[PDB]
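Novice: Handing you this structure, nothing more for now.
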2 protein chains.
Amino acid sequence: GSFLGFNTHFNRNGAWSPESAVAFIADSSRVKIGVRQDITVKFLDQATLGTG
Amino acid sequence: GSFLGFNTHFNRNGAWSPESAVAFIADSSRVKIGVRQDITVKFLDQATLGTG
């Protein structure tokens, strides 16, 4: 195995598009993901979904 | 009165259809009513009822 010097991450959630790319190589210091609100759950028992 | 031996139940909630029957006679051991949930009440205060 010979990708030493890369931190390697494997997509497992089905987001990968194999027709578009095999891999991305990046300087990770220059990519940032802002988390404004993490995944939150609200139980609905009275709401209306859609119209008409 | 001559309805001898029978346990008599008189219907009074208006479900009776006098055009269909005078009486049913049954072996009551052979009828079962399944109760999955007896009458329960929910207080609604945000819901929408109906459409248009």
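Novice: Do any residues in the range B:24-40 that are closer than 16 Å to B:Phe10 by Cα have Cβ atoms under 6 Å from those of residues that are assigned to a loop (DSSP other than H, G, I, E, B), where the two are at least six apart or on different chains, and which pairs are they?
Specialist: Close Cβ pairs (under 6 Å, with a partner that is assigned to a loop (DSSP other than H, G, I, E, B)) do not exist here.
Novice: Answer yes or no as to whether A:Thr8 is of a type in the set (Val, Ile, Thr) and either within 30 Å of B:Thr51 (Cα to Cα) or touching a residue at least 60 places away in the same chain (Cβ under 8 Å) (or both).
Specialist: Against the criterion (of a type in the set (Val, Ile, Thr) and either within 30 Å of B:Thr51 (Cα to Cα) or touching a residue at least 60 places away in the same chain (Cβ under 8 Å) (or both)), A:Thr8 does not qualify.
Novice: I want to confirm something. Restricting to chain A and keeping residues that are more than 14 Å from chain B (Cβ to nearest Cβ) and basic (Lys, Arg), which single residue is farthest from B:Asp45 (Cα to Cα)?
Specialist: Ranking the candidates gives A:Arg30 first.
Novice: Would the range A:29-43 turn up any residue that is outside any loop (DSSP other than H, G, I, E, B), polar (S, T, N, Q) and loosely packed, with under 10 Cβ neighbours inside 10 Å?
Specialist: Yes.
Novice: Looking only at the range B:12-28, decide whether some residue is of a type outside the set (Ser, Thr, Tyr) and touching a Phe, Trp or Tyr at 6+ places or on another chain (Cβ under 8 Å).
Specialist: yes
Computed from the coordinates by the stated procedures, all read-outs in this text should not be read as laboratory data. Using ideal geometry, Cβ is built from the backbone for each residue, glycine included, and neighbour counts are taken over all protein chains shown.
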